[PDB]
Amino acid sequence: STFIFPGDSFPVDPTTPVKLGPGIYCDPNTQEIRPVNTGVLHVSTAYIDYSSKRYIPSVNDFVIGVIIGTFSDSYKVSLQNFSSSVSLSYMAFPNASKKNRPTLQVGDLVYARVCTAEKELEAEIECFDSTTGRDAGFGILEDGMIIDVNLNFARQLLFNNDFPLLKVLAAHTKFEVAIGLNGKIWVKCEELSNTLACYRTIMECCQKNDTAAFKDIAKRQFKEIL
Amino acid sequence: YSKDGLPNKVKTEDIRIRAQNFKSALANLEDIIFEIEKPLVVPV
Amino acid sequence: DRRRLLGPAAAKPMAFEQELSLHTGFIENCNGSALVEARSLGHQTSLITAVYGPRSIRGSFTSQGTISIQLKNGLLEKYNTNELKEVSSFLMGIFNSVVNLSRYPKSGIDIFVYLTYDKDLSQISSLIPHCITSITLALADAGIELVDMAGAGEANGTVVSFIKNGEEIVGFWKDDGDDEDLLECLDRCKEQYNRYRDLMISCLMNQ
Amino acid sequence: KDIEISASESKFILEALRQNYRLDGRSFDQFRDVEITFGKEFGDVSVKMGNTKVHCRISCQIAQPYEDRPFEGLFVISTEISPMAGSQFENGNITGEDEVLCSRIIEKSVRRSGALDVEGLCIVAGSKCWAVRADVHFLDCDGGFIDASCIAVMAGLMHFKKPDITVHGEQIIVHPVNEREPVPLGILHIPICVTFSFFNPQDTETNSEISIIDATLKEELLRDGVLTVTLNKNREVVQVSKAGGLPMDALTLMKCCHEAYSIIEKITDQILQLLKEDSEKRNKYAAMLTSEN
Amino acid sequence: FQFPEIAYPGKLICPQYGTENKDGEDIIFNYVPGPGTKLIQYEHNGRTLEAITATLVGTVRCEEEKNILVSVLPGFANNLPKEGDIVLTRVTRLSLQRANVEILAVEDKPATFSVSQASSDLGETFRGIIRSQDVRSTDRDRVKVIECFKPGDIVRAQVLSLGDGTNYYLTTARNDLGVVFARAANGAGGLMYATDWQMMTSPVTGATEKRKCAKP
Amino acid sequence: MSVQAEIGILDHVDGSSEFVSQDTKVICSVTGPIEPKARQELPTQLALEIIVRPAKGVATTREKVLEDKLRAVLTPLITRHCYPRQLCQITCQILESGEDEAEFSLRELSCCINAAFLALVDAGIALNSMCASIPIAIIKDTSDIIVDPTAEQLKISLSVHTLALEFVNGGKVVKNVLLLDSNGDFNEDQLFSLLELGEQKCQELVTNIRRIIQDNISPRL
Amino acid sequence: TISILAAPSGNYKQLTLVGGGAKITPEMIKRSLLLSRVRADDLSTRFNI
Amino acid sequence: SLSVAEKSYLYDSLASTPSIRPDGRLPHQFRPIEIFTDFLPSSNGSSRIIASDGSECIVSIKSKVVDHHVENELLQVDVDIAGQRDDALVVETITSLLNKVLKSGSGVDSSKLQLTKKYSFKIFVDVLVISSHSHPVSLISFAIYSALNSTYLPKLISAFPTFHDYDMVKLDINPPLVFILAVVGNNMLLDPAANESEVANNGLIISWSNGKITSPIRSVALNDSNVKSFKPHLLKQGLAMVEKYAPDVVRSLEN
RNA sequence: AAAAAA
Ligand SMILES: [Mg+2]
């Protein structure tokens, strides 16, 4: 693998046009491209994969947020603790209305995507994609349980279909699941013992971080509750 | 301090003409002129 | 103490013709400043007064200005903090009549008076007319509107501040001394007032 | 700053407690396994309960005793919480409710319980004496502040050894560590705190209460009651602190004293063992260095 | 003017009312207090008296407008943001429906300016808010605030209404109002200059950022 | 100068690190980018909240100096214009003095710098370059320059020093000196002889630091 | 910034160098230490104290 | 906090030649109070005063033993106002003022507290202001007065330390009184009400000892708004007003 | 310191 360090020279020649991305920084004065994080450089597209527990607002990202406040203009939703609030408009719901407002209390789990996210402006999310049949699991998440994981474990789970988690958990139990890019995973089952079994697995899988240890953990966790 | 390392009191008139030189130069700034190529425009 | 360096706490401290000098506007940190030095007999006093304002207070609905005065010990630690607060309260009772408060709505004027050096060969009673002199100069130098020039005098521990050319009184401080000195102290301090007034006016015009 | 908890979590954890289940897969009377690691210097001690990580360092200095108690010594505890444990904790805040609580609880466990001999810390009566300070460093916050800080302080004091002092007239001299061995502080008994968390769920409504031991950070936010009982191996109650919260019977109070005694006894024998293993660790190392001379 | 030219605080200038004899008719001069003066009450001969008294050390000026105005001019405080004035401000924060700033200096009248000295790290500086509808006269309804202003950029505006005693309400609708001084990447890059009214370029790194520019 | 370090020892923090040098052990933690207080807000750049607590007692003016010196190093490192109006909490807790804390605070300073930078890496913050800090001392008698000394070597030392350099291009080329502290009696010749040995030893720890990150970050990816 | 504590004897005491805006060339240190020596030698003997 | 419509009404009413007070009081009338004494067994002396507006002040008198050669001040007055800090401006002002009112060389005889040539009794005066709708300097003063009139100390045995185990000494002294005055227009007022002080042009703090006016004497601003300068004849009038109406209040508080 | 019917 090719490991990258901040401040190091950029291997990619400046001759051929290359689109930017997360992980690299374009100097507003010297106009030189330099890495600002530590990880593996992926060139297809140029970006850097680095370990981070803190999520930042970005366009077209699926996130699971919690309503921390209800205003007259929009909703105040926290995608993560201590981070700045996000603006969820009333018109950001399917079958929107003028006078009539969507029913959401403080503490309700919402599965939405980030539409407009500026660095110097308050981010905004919408409870309907733009668009994928208006139903990618978007909306209020009733009951269930959520778990905090690092951003590395969250993105690989949602995007990569070769990740042996949804594959190994589907065999142990039948359930619906929603994964956000802010390190939040929402899983709901029928019986509470199944949800608890799923929580303990992801908690241990994220800690150990091993692709081939998924089946081993899931086997001993589901047999522990019985 | 000069090259010999001896302290020299700066005249009170010295700083005056410094302000007179600055306020005069700052009041009227030279217009920065830069040209950009336009291959899409044509003469008459 | 985790704020300053007090040193070893197991240690102990050490155990053993009127003339005026006025200078104003020598501090660029504030809006107005003043230096007052007085030497008489075997007792001299040097203090500095700084005035910061008038500066706007956010959310303030006051239709007039707000004056705050605080005395500090520059060098010699003599006067009690409790007594410094008392004089401060006395001083503010004076300038609230002197300062045209109607000019600065929703604003506040902070006044800092540093008591630097005071040699003595009550006690703080003698410094009071000098504090009034300093503040009145620092306020007038700052641009703060004053209805009249505030000045005072000290006679047998009896301090009384005058405005409108001694016709009225803006402050009265009586401590220790004796009795039946009412008429005498009012006449002696009135002379000190007029003397301090003209030197204060001259101080503002000359520089 | 405050921790935002979802409505779904609050319903899930509460329902799980009714089914005798919890997130970290523990029991109601079970206490988190505590590991104790000593540093190079004497007095330095690290205590870890699950994800909860704390640190303690015992120091000493020559000072003067109070005029009220000239025949006694001086003892003080620092429980100041840094944002290192989480952004939830502000920087330099001694006015914290649960923060001053943890400080007083462990203070009552050491001073008023006669755990540490302050009379033996007195060099000269009414003149000079020893001043023992215990600074608790809260590294990671997963809950159980009171419990973890209670072990760290106690384990540290028994592992701490003050320099030997000999009185010469009115002059106080200090012996180096290489010339003489430091004398350990005298401890009569070892108090250990156990924190209880109470819950009052709805539905399945006449009589229903849930009490767990050493709750995690997520369980600590949802509790309706707080109880801290301090017990030792001497079959006696050091101190117990219950302020408001969910009102409970006197029977359930002693029910929590019986469940705690089995816990404090198990870890006190663990502390004494780890003190024994570390004492002999420095003994075998002292003999090996001498043999190579 | 038969009245003292130089005036220290507490010096009597002129009585309440005045009159003179000219052209066989009595002309009434009405003395009114002004900046530096204060109408107060004095007592003499057992009878009340009202007279204009200076409160600030300086020279006395008697002017008339289309009545005699008595004011004292010192050798800042009097200058305060009022409806119609032009004010240089700096962007403190950006929101979606508006843009709040802080007042630095105020344009005088016939350029010269009056700098308001205050601590920017406290908040004692006057704060102002520019509405999204007050950005430009062109398309008042839909205006993208991100493409107009930027944190740190200097904006020349005109105050409409003072509103409450907290925030001032400005506008950049006209041509001579907008972002004056700005740098690339929130101040990280080089200096940028104003070319088009809705476009700001930088003749150094070749960077171009969308702002609301004024007329040179 | 054999050291030891770990990455991500804390859970509820965005990024953390644990540095070990001789006897002085300083654990650090970093949370950000998060919501800043009204008093800390910076419209353009990124706000830095730096906290340094000692091993014994409460933080005093001494630690206020440590925070101020640490701030000077971490400031040019972090790209502040990537996170406008935001907060970064950097807390450094000293577990062991590793020296005489009353007379010398320059050993702990270097460790606070090292631990902080590692936490910045773990938390995933935009950094312009890399950094490494080492404690230096000069004995009165021997008059030799010792890189990363011990406790007993400081007591008999004439002058103490602290060097922190910024490294670019594979941790070889030095962009600029971030921090240079010196206390005690020393001349000009000893100064340029300090950087001669310092820059060499700094790069030794830079390449040492780089391999520590690789061993910890890569398994996560 | 550069902070220097220079003595008339020629030696130095406190040396604080922090570069946060530009590179610090060794030629500027020698220029700083040169200017600090004369500055300290001027303050050493000025009022004859 | 009165409206301007109230302030303009009360001013025109008080500044009038036949000055009409809002409660009908004459310029020399005092509002009815209530004094309780000797209710603290743990203390040598105690007092409690209730006012008309609901103002309340509790004063405690305790003592100990110390050398009078090493201690110049044998009388320490401490003031704690409810809902107020110990370093507050008004608190430390009154704390400093009362110490000047009750001092060993001002208004209190130092020979009264003299037991032997070596040791003497030092009196600690504590003040707790429960409620305050105005300047408590006069209210506290009447409380400290009644507290010192009823005091009991350990009785001496020898002469010129040992004390009597049962019998006690009753300290008989003449404690100073402090009367606050209000200057409204050209009229003087005694015992200013809450609402009266907010419109008063100025104010006076005058002490009283042994049937005579004594220090400290201050000129306090009862407010921060309508504060204006006053003619010297008002000070002579105010002092004379206190002078003639003081034997009346002293006589009342004596019973 | 918005909300309910039609
Ligand atoms: Mg109080």
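Parameters and conventions
- Numbers on residues come from counting from 1 along each chain's written sequence, not from the entry itself, and any residue without coordinates is not displayed.
- Labels are handed out in written order, letters beginning with A for the chains and numbers beginning with 1 for the ligands.
- Bear in mind that the chains are drawn from a larger assembly and that all values refer to what is shown.
- With hydrogens and water set aside, each side-chain value is computed from the structure's full complement of heavy atoms.
- Residues with missing side-chain atoms are left out of burial classes, side-chain pairs and their counts.
- Two strands are counted as paired when DSSP detects at least two bridges linking them.
- Numbered from the N terminus, helices here are DSSP runs of H or I no shorter than four residues, and strands are runs of E no shorter than two.
- Throughout, an axis means a line fitted to C-alpha atoms (over the contacting stretch in the case of helices), and angles, computed between N-to-C directions, take values from 0 to 180 degrees.
- Contact criterion: two residues are considered in contact whenever any of their non-hydrogen atoms come within 4.5 Å of each other.
- For the domain bounds, the source is a domain assignment made automatically or taken from a database.
- Residue exposure (1.4 Å probe, protein chains only): buried if accessible area is under 20% of the type maximum, exposed if over 50%, otherwise partly exposed.
- Joining two parts hides part of their accessible area as seen by a 1.4 Å probe, and the buried area is that hidden amount summed over both.
- Definition used for salt bridges: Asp or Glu carboxyl oxygen within 4 Å of a side-chain nitrogen of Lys or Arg.
- Think of a polar contact as two N or O atoms within 3.5 Å of one another; within protein, one of them needs to be a possible hydrogen donor and the other a possible acceptor, and neighboring residues in sequence only count if both atoms come from side chains.
- In this context, the arc is that of the directions from the helix axis out to the C-beta atoms.
- Buried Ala, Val, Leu, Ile, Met, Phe, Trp, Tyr and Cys residues form a nonpolar core when they are joined through side-chain atoms within 4.5 Å.
- What makes a patch is a set of residues exposed beyond 30% relative accessible area and free of salt bridges, joined within 9 Å when like-charged and within 5 Å when nonpolar (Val, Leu, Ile, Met, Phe, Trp, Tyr).
- Only the protein chains shown count as cover for residues, and the accessible areas themselves come from Shrake-Rupley with a 1.4 Å probe.
- Counted charges follow a simple rule, with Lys and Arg positive, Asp and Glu negative, and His plus the chain ends left uncounted.
- Charge placement uses NZ in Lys and CZ in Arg. For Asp and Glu, CG and CD serve respectively.
- In these notes the angle categories are as follows: under 35 degrees is roughly parallel, over 145 is roughly antiparallel, 65 to 115 is roughly perpendicular, and the rest is oblique.
- Helix crossings are classified by the rotation of the near helix relative to the far one: an anticlockwise turn of less than a right angle makes the crossing left-handed, while a clockwise turn makes it right-handed.
- We call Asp, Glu, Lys and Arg charged. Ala, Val, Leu, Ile, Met, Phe, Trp, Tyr, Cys and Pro are nonpolar, and the rest, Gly among them, are polar.

Regarding the sheet that holds strand β13 (residues 176-179) of chain A
Residue and element names in this part refer to chain A.
- In space, the three strands of this open sheet follow the order β12-β14-β13, with antiparallel pairing throughout. The two strands at the open ends of the sheet, each matched to only one other strand, are β12 (145-148) and β13. When strand polarity is set aside, the average angle formed by the axes of neighbouring strands in this sheet is 20°.
- Bridge count between β13 and strand β14 (residues 184-188): four bridges; the pairing is antiparallel. Bridge assignment links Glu-176 to a residue of β14, and that residue is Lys-188.
- Together, β12 and β14 form the strand contacts of helix α3 (residues 192-208), whose direction differs from that of β12 by roughly 5°.

Quick notes on the domain arrangement of chain E
- The assigned domain composition of chain E is domain 1 (1-75) and domain 2 (76-216).
- Spacing between the C-alpha centres of domain 1 of chain E and domain 2 of chain E amounts to 42 Å.

Thoughts on the pairing of strand β1 (residues 19-24) of chain C
Residue and element names in this part refer to chain C.
- The two faces of β1 differ: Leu-20, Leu-22 and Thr-24 on one face are buried, but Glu-19, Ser-21 and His-23 on the other face are not.
- Summarising the sheet, β1 and strand β2 (residues 32-40) pair through six bridges and their orientation is antiparallel. The residue bridging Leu-20 from the neighbouring strand is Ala-38, located in β2.

Let's talk about the sheet that holds strand β5 (residues 119-131) of chain H
All names here are of chain H.
- Ordered in space as β1-β2-β3-β5-β4, the five strands form an open sheet in which the pairing is mixed. At either margin of the open sheet sits one strand with a lone partner, and together these are β1 (34-37) and β4 (75-81). Strand-to-strand twist across the sheet, computed as the mean angle between neighbouring axes with direction ignored, equals 15°.
- As defined by bridge partners, strand β3 (residues 56-67) adjoins β5 across twelve bridges and the pair is classed as antiparallel. Looking at β5, one finds that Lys-64 is bridged to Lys-122.
- Where helix α3 (residues 137-149) meets the sheet, it contacts β1, β2 (45-50), β3, β4 and β5, and its direction lies at approximately 50° from that of β3.

Overview of the interface of chain A and chain F
- Listed by partner, the interface residues are 29 residues for chain A and 37 residues for chain F.
- Summed over both sides, the interface between chain A and chain F buries roughly 2,500 Å², with carbon and sulfur atoms accounting for 54% of that surface.
- Among the residues chain A hides against chain F, the three largest losses belong to A:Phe5, A:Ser51 and A:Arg54. Together they make up 21% of the total.
- Taken together, chain A and chain F are joined by two salt bridges.
- Of the charged contacts, one joins F:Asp14 and A:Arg54 as a salt bridge, the two residues approaching to 2.7 Å between their closest N and O atoms.
- Counting the contacts that link chain A with chain F gives eleven residue pairs in polar contact.

Focus: the arrangement of the chains
- In this assembly, twelve pairs of chains are in contact, and the pair contributing the most contacts is chains A and F.
- Taking C-alpha atoms only, the smallest gap left between chain A and chain H, which are not in contact, amounts to 34 Å.
- At the level of C-alpha atoms, the two units chain G and chain H stay apart, their nearest approach being 40 Å.

Some points on helix α1 (residues 4-14) of chain H
All names here are of chain H.
- Within α1, the full set of buried residues consists of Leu-10, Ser-13 and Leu-14. Along the axis of α1, the buried positions cluster into a sector of 90°, meaning they face one direction only. Seen from the buried face of α1, the exposed residues on the opposite side, beyond 90 degrees, are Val-4, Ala-5 and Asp-12.

Brief notes about unusual backbone geometry
- Along the chain, A:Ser130 connects to A:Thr131 via a cis peptide bond; the corresponding omega equals -5°.
- One can find A:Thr131 in the loop between β10 (124-126) and β11 (139-140).
- That bond from F:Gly32 to F:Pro33 is cis: its omega, 0°, falls within 30 degrees of zero.
- Within the secondary structure layout, F:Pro33 lies in strand β3 (residues 24-34).
- Look at C:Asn156: it is not a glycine, yet its phi comes out positive at around 55°.
- Here C:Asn156 shows up in the loop between β6 (151-155) and β7 (158-163).
- Despite not being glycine, H:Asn210 shows a phi value in the positive range, around 55°.

Here we look at the nonpolar core
- Counting residues in hydrophobic clusters, the biggest one holds 71 residues, and the most contacted among them are F:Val30, F:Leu70 and F:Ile90.
- Considering each element in turn, this core owes the most residues, twelve residues, to helix α2 (residues 106-123) of chain F.
- If sequence neighbours within four positions are ignored, F:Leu70 has contacts with F:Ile50, F:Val52, F:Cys92, F:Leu109, F:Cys112, F:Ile113 and F:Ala116.
- With 68 residues, the next largest nonpolar core counts H:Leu181, H:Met188, H:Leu234 and H:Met241 among its residues.

So, a negative patch on the surface
- Where like charges cluster on the molecular surface, the negative patch consists of C:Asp178, C:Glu180, C:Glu184, C:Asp187 and C:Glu191.
- Given the relative accessible area of 79%, C:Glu180 is considered exposed.

Comments concerning the pattern of salt bridges
- All chains considered together, the criterion is met by 74 salt bridges over all chains.
- Put simply, A:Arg155 and A:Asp49 hold a salt bridge, and the shortest N to O gap is 2.5 Å. Here A:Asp49 lies in strand β5 (residues 46-50) and A:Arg155 lies in helix α1 (residues 151-158), a separation of 106 residues in the sequence.
- The exposure class of A:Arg155 is partly exposed, given its relative accessible area of 26%.
- Salt bridges sharing partners connect three or more residues here, namely H:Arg21, H:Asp23, H:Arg25, H:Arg31, H:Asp53, H:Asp191 and H:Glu196.

Things to note about the packing of helix α5 (residues 188-217) of chain F against helix α1 (residues 26-44) of chain G
- Look at α5(F) against α1(G): their axes get within 12 Å of each other, and the N-to-C directions meet at 160°. Relative to α1(G), the element α5(F) is oriented roughly antiparallel. As for the relative orientation of α5(F) and α1(G), their crossing is right-handed in sense. In this structure, α5(F) contributes F:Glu188, F:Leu191 and F:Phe192 to the contact, and α1(G) contributes G:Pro26, G:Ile29, G:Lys30, G:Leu33 and G:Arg37.
- Classifying every residue of the contact of α5(F) with α1(G) by side-chain character gives five nonpolar, no polar and three charged.

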